[PDB]
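In what follows, a single structure is set out as structure tokens and then discussed.
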Amino acid sequence: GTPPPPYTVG
Amino acid sequence: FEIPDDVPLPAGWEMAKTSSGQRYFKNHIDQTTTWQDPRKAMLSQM
């Protein structure tokens with residue numbers, strides 16, 4: 001169980 | 001693992017691995033990374 005990553009975009 | 005290769009990725013729905021291989025599908029249409037899949041594990045369980 002764990003939260004998703006911090007997301008990104010180039 | 002019910003995410004076969006029947007389909008690549010939907011619009012604004014990429015995916016990447018984390019520190020190991022937690023394939024999380026990134027969402028650009030909504031800007032957010034999710035564990036589920038936007039083309040197999042979405043609002044549909046019939």
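Ordering of the structure tokens sets the chain letters (A, B, ...); residue numbers start at 1 within each chain; ligands are numbered from 1 in the order shown.
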Considering only C-alpha atoms, tabulate each residue of chain A that lies at most 9 Å from chain B along with its nearest interatomic pair and the corresponding distance in Å to one decimal; arrange the rows by chain and ascending residue number and present them as a tab-separated table.
residue	atom	partner	partner_atom	distance
A:3	CA	B:34	CA	8.5
A:4	CA	B:34	CA	5.7
A:5	CA	B:33	CA	6.1
A:6	CA	B:33	CA	7.2
A:7	CA	B:33	CA	5.4
A:8	CA	B:31	CA	8.2
A:9	CA	B:28	CA	8.1
Keeping N, CA, C and O atoms for every residue in the selection just given, could you write it to a file as a PDB file, in the first residue's frame?
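Wrote again-v3.pdb, looks like this:
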ATOM      1  N   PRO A   3       1.081   5.672  -1.718  1.00  0.00           N
ATOM      2  CA  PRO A   3       0.563   6.713  -2.640  1.00  0.00           C
ATOM      3  C   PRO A   3       1.355   6.706  -3.955  1.00  0.00           C
ATOM      4  O   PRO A   3       2.480   6.248  -3.993  1.00  0.00           O
ATOM      5  N   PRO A   4       0.742   7.216  -4.996  1.00  0.00           N
ATOM      6  CA  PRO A   4       1.407   7.264  -6.324  1.00  0.00           C
ATOM      7  C   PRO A   4       2.609   8.220  -6.302  1.00  0.00           C
ATOM      8  O   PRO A   4       2.825   8.918  -5.331  1.00  0.00           O
ATOM      9  N   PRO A   5       3.359   8.217  -7.380  1.00  0.00           N
ATOM     10  CA  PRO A   5       4.555   9.092  -7.479  1.00  0.00           C
ATOM     11  C   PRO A   5       4.138  10.567  -7.596  1.00  0.00           C
ATOM     12  O   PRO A   5       2.965  10.869  -7.687  1.00  0.00           O
ATOM     13  N   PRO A   6       5.117  11.445  -7.579  1.00  0.00           N
ATOM     14  CA  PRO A   6       4.836  12.903  -7.672  1.00  0.00           C
ATOM     15  C   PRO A   6       4.485  13.328  -9.108  1.00  0.00           C
ATOM     16  O   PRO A   6       4.334  14.500  -9.387  1.00  0.00           O
ATOM     17  N   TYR A   7       4.356  12.397 -10.018  1.00  0.00           N
ATOM     18  CA  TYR A   7       4.015  12.761 -11.427  1.00  0.00           C
ATOM     19  C   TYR A   7       5.061  13.718 -12.006  1.00  0.00           C
ATOM     20  O   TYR A   7       5.832  14.322 -11.289  1.00  0.00           O
ATOM     21  N   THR A   8       5.086  13.857 -13.304  1.00  0.00           N
ATOM     22  CA  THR A   8       6.076  14.772 -13.941  1.00  0.00           C
ATOM     23  C   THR A   8       5.643  15.104 -15.369  1.00  0.00           C
ATOM     24  O   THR A   8       4.561  14.755 -15.798  1.00  0.00           O
ATOM     25  N   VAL A   9       6.482  15.773 -16.111  1.00  0.00           N
ATOM     26  CA  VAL A   9       6.121  16.123 -17.512  1.00  0.00           C
ATOM     27  C   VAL A   9       7.305  16.793 -18.213  1.00  0.00           C
ATOM     28  O   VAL A   9       7.262  17.962 -18.542  1.00  0.00           O
TER      29      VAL A   9
END
May I have the residues within 12 Å of residue B:4 as number ranges by chain, using only C-alpha atoms and disregarding those fewer than 4 positions away in the same chain? B: 8-9, 37, 39-41
As a list in words, please: every residue in chain B that a backbone DSSP assignment puts in strand (DSSP E).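 Residues meeting the strand (DSSP E) criterion: residues 25, 26, 27, 32, 33 and 34 of chain B.
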